[PDB]
Amino acid sequence: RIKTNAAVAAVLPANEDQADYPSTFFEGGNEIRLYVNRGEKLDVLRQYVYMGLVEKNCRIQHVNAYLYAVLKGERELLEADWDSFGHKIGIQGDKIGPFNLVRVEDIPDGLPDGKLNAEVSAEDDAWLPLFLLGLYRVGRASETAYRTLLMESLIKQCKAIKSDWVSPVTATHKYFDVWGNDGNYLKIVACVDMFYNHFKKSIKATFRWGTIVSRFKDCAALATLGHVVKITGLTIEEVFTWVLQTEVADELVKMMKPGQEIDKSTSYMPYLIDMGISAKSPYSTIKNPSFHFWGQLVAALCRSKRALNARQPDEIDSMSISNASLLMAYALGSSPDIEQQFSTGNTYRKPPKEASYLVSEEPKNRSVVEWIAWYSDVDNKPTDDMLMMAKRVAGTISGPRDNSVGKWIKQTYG
Amino acid sequence: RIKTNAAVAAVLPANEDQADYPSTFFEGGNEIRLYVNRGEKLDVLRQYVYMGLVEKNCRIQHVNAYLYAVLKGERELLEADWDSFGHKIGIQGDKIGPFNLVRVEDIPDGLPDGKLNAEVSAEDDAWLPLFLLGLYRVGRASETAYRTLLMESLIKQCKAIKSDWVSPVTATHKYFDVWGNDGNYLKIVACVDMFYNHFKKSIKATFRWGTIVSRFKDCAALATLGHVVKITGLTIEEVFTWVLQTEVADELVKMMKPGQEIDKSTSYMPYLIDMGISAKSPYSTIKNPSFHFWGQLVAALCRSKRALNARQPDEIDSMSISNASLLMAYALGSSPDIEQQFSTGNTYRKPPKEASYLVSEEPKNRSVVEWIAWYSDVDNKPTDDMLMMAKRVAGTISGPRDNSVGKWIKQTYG
Amino acid sequence: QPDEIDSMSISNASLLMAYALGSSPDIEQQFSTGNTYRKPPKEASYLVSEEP
């Protein structure tokens, strides 16, 4: 602003972008528009899918037309009404099918260049769609040591008919992860995962291997909130209460938009990206950093092994968040939940209103106001008992990763 | 000045140069003047680009004429008006194209000496402009260990059509980094990067690989200011407030010239150099040293891993800047942001106006006046707690580089 | 280091100037929003090491 003499300064960095909620979609009653390639015999299409897959090149159009040709007609029961964002899916007591949420929308002239026909199988449907959908998940991986998903796939599909199977996919080739950029492939994989999540009693529900990574994709902050609610024993209101930063609170407020049907398991929200409803999800770690550092740091300091591998985001105010996380973890650990539950002929511990204990001035509950008063009494610095507890927690981490929460805990607190 | 008897001395070193802002350009309504070489068939031009690239010699004129021949006609939507420095780019609801910001300006007679024609491809546009634009970035590199950008390029373009590709570029040859001196090549690469940054939803936006290094080139001080704003949790006014050196303040004042449209993401400023708007950018580390030492040193003392690799500039007053950085980092770390944000039925910590605590006389906020009073009370020297905190921070640096901020921290503070 | 010069007195002067520069840095407040500088109320006496 104002310098020594009189000069005012225009203090300004560059701006940023935003994200789109699912409720903006379906405001004008839009549809999904899969743009299905179809109009051919299923048998020859399965031959185009088979041959070429033996060598090192397959076509996205071939597997697309196949998946619509084979997944159609697999109707199931419907014991209740299905609704999401006002879009009616099915009537109670009817047959539904996996491709009724999205209309077919026959594609314009973009028909693929087919090849010759191999020996006619007409029987490989027990493994071939499962193989393609699992190959999608294998292509979603990024570590060569994490290519045991392929070995799990071969273990799964080697017993497809009786015992015999030969793997046609190279363990090191990367010619199938390009298919993740195709919108129609994501739309069908989200369709089958959404439909077969509703009916887990079907025989064909084994196809959900590979398609599970479509559910809640780029929505890790909701899972972070659920994990920090369950791992501490607090209610959701208390978890929201114990937040002591304005950035984290603002991201929570932006994440709690009301009309997004957050709580409904049978809805369109967890398939936000692959359905094409939104391109920038407002529930990710990139959209909400430093709420992924909070919560995960709290759960790691509450001795949970999942949160020790969460990545620490860069370009966030780490030190104040670490102070708040240590305060909340120490407050949770100092005062546990030992309330008597069952009784035969006797009552509880009957506390006769102590309200004063100067051993460390610590309160006997998990209320945030008494704990923040006690923390401000000691000049907002970590007490020696807090650092001892943090060192004891950090001593139980064997090997941390490069940019993980566990590496931060081991480096910062001994 | 005056010696023992009466003699006055003329005390003077040599002078320096200056830098030119973008607002001096477009004051008389100047244009960009790409000076495009054109006037030929696209197919034969792509043959001149192809052959020769298989061997160890390519022509800048060939790839220039190609890039204009192939990038032209790729129009997109225009949902809003585009303006920068008064120069009108496009009308809302029209088709724009990547070469509408700059007129073509057909070149005088400097036509290149072409060679024979290879086998006619007419299909290699899926990789060849991407290969040239990424080869620009590979030529911008300076470390042989940092030649993994080439491997990333081959990984990217080996799946250009289906699976098969052979690399024509030698991993050790340096025959393409000369093209960075060509003004027209920089102008087109800045044109495509600027145009495809506005429309990220295009299919062809994959070409931005390689062209990202054109954006904000030689403008690292603005990124330093943004990083030090985000990494501390302070507002921009407080970041400007906490500066305690006259050289740093003067560089900030010179960096905050008002009429340069700093805040607008869709503007000509980040492409200051490659557009040819200015030759000496006023936002670089060379133009503004010791503001690149401040900020980066603060962020490194606030435990950020990006600032541990920033180069320490030579011929600056390092010791006073290090004192100010340690003071600001300790002041930020001593008093965090634990303000209660969410509530159910209770209020905040309700501080009853303490205003006096003689444990270390430390204030309870991040205001600079109380902290500078407290620092001047201890004779402007680093307190033992400050040195302990600096040693604790410096113990978390594993291996520093030669002239980095982390090497300075490890050497100076243990 | 040049030879045939009076090195010890020059080293004494260099150490004195370097210590004087390092003991008293430049922490003058430069930018302000609604507050003034450290307002030193004319101490002029500090016997911890008698340093200016």
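Dividing the mean sequence gap of close Cα pairs (under 8 Å, 6+ apart) by how many residues chain B holds gives a relative contact order of 15 percent.
What do you get for the angle between helix B:246-255 and the principal long axis of chain B? Use alpha-carbon atoms, 0 to 90 degrees, nearest ten. Tilt relative to chain B: about 30 degrees. Among A:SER304, A:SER84, A:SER121, the residue with the largest mean-square fluctuation in a Gaussian network model of chain A, with springs joining Cα atoms closer than 10 Å, is A:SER121. Across every pair of non-identical alpha carbons in segment B:66-136, the mean reciprocal distance, once inverted, gives a Kirkwood radius of 15.4 Å.
Roughly how compact is segment A:220-413, stated as its Cα Rg over 2.2 N^0.38 Å to two decimals? So segment A:220-413 has a normalised radius of gyration of 1.16. Converting phi to 3J(HN,Hα) with the Karplus coefficients 6.51, -1.76 and 1.60 and the offset θ = phi - 60°, segment A:299-309 yields 5, 5, 7, 9, 6, 10, 7, 6, 6, 6, 10 Hz in sequence order, with x at every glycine or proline. Packing, taken as the mean count of other beta carbons within 10 Å per residue, orders the peptides B:383-390, B:358-365 from highest to lowest as B:383-390, B:358-365.
Quick one: how many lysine pairs does segment B:169-309 have with C-alpha atoms less than 15 Å apart and a gap of 8 or more or different chains? Give me the count, please.
For segment B:169-309, qualifying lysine pairs total 7.
When the helices of chain B are scored as -39500 (n - 2.57) per DSSP H run of n ≥ 4 and the total is divided over every residue, the value at 222 nm lands at -10500 deg cm²/dmol.
For B:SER404, the residues whose modelled amide H falls within less than 5 Å of its own, excluding neighbours fewer than 5 places apart on the same chain, are B:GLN312.
Say we join alpha carbon atoms closer than 10 Å with springs in a Gaussian network model of chain A; which of A:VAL369, A:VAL228, A:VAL49 then has the biggest fluctuation? Highest fluctuation of the listed residues: A:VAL369. I'd like the distance between the alpha-carbon centres of segment B:34-96 and segment A:159-238, rounded to an integer number of Å. Cα centres, segment B:34-96 to segment A:159-238: 42 Å. Mean partner shielding of peptide A:313-320, defined as the number of other chain Cβ atoms within 10 Å of each residue Cβ, is 6. Computed about its Cα centre, the charge dipole of segment A:220-413 is approximately 700 debye, with only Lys, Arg, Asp and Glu carrying charge at their Cβ.
Net charge in the neighbourhood of A:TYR146 (other residues with Cβ under 14 Å of its Cβ; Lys, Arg +1, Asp, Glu -1) is +2. Within chain B, all pairs of alpha-carbon atoms sorted by distance into 10 Å bins from zero give the percentages 4, 17, 22, 21, 17, 11, 6, 2, 0.
The distance from the alpha carbon centre of segment B:277-343 to that of segment A:351-414 is 30 Å, rounded to a whole number. Normalised by 2.2 N^0.38 Å, where N is the number of residues, the alpha-carbon radius of gyration of the protein assembly as shown equals 1.14. Listing B:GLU251, A:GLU123, A:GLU74 from fewest to most neighbouring C-beta atoms within 10 Å gives A:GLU123, A:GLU74, B:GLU251. For the residues A:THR224, A:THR344, A:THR144, a GNM of chain A with alpha-carbon springs under 10 Å puts the largest fluctuation on A:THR344.
Which peptide among A:318-324, A:165-171, A:281-287 comes first, and what is the full order, when sorted by highest mean count of other Cβ atoms within 10 Å?
Going by the mean number of other Cβ atoms within 10 Å, highest first, we get A:318-324, A:281-287, A:165-171.
To test your reading of the geometry: what angle, between 0 and 90 degrees and rounded to tens, separates the Cα axis of helix A:368-377 from the longest principal axis of chain A? Taking Cα atoms only, the helix is inclined about 50 degrees. Treating the angle as unsigned and between 0 and 90°, give the value, to the nearest 10°, between the Cα long axis of helix A:128-140 and the longest Cα principal axis of chain A. That helix lies at roughly 40 degrees to the long axis.
Close amide H contacts of C:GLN29 (hydrogens built in the peptide plane, cut-off under 5 Å, sequence separation of 5 or more or a different chain): C:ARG38. Basic side chains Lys and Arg get +1 at the Cβ, acidic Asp and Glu get -1 at the Cβ, and with that the dipole of segment A:135-232 about its Cα centre reaches some 400 debye. Considering every alpha-carbon pair of segment B:246-288, the percent of pairs per 5 Å bin, from zero through the bin containing the longest distance, is 5, 21, 25, 28, 15, 6, 1. Look at the stretch B:225-236: the mean tally of other chain Cβ atoms within 10 Å of its residues' Cβ atoms is 4.
What's the average, rounded to a whole number, of partner chain beta-carbon atoms within 10 Å of each residue's beta-carbon in A:3-11? Spell out each step's value before the answer.
Numbers: counts 8, 8, 0, 0, 3, 2, 10, 7, 13.
Across A:3-11, the average partner-chain Cβ count within 10 Å equals 6.
Taking θ as phi - 60° and the Karplus parameters 6.51, -1.76 and 1.60, the scalar couplings of segment A:78-92 work out to 8, 8, 8, 6, 10, 9, 7, 6, x, 7, 6, 9, x, 9, 4 Hz in sequence order, x denoting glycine and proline.
If you place +1 on the Cβ of every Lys and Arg, -1 on the Cβ of every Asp and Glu, and leave all else neutral, what size is the dipole of chain A about its Cα centre, to the nearest 20 Debye?
So the magnitude is around 940 debye.
Legend: ranking of residues A:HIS62, A:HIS173 from fewest to most surrounding C-beta atoms inside 10 Å; resulting order A:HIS173, A:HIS62.
Tell me, Kirkwood radius of segment A:42-214 from alpha-carbon pair distances, in Å?
17.4 Å
Histogrammed with a bin width of 10 Å, the alpha carbon distances of segment A:226-307 distribute as 15, 44, 34, 7 percent, first bin at zero.
Each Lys or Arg adds one and each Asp or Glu takes one away; over the other residues whose Cβ falls under 11 Å from the Cβ of A:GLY180, this sums to 0. Scanning residues 5 or more positions from A:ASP274 or on other chains, none has an amide H under 5 Å from its amide H, with H placed 1.01 Å from N in the peptide plane.
Note on segment A:310-414: the alpha carbon radius of gyration divided by the globular reference 2.2 N^0.38 Å gives 1.36. Per-residue Karplus couplings for segment B:63-70, computed as 6.51 cos²θ - 1.76 cosθ + 1.60 with θ equal to phi - 60°, are listed in order as 6, 5, 5, 4, 5, 5, 5, 8 Hz, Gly and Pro entered as x. Evaluated at q = 0.19, 0.25, 0.31 Å⁻¹, a Debye calculation over the C-alpha positions of chain C (equal weights, vacuum) places log10 I(q)/I(0) at -0.86, -1.07, -1.18.
Where a number appears in this text, it was derived from the coordinates with a stated rule and is not lab data. We place every Cβ from the backbone using ideal geometry, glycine too, and count neighbours over all the protein chains shown.
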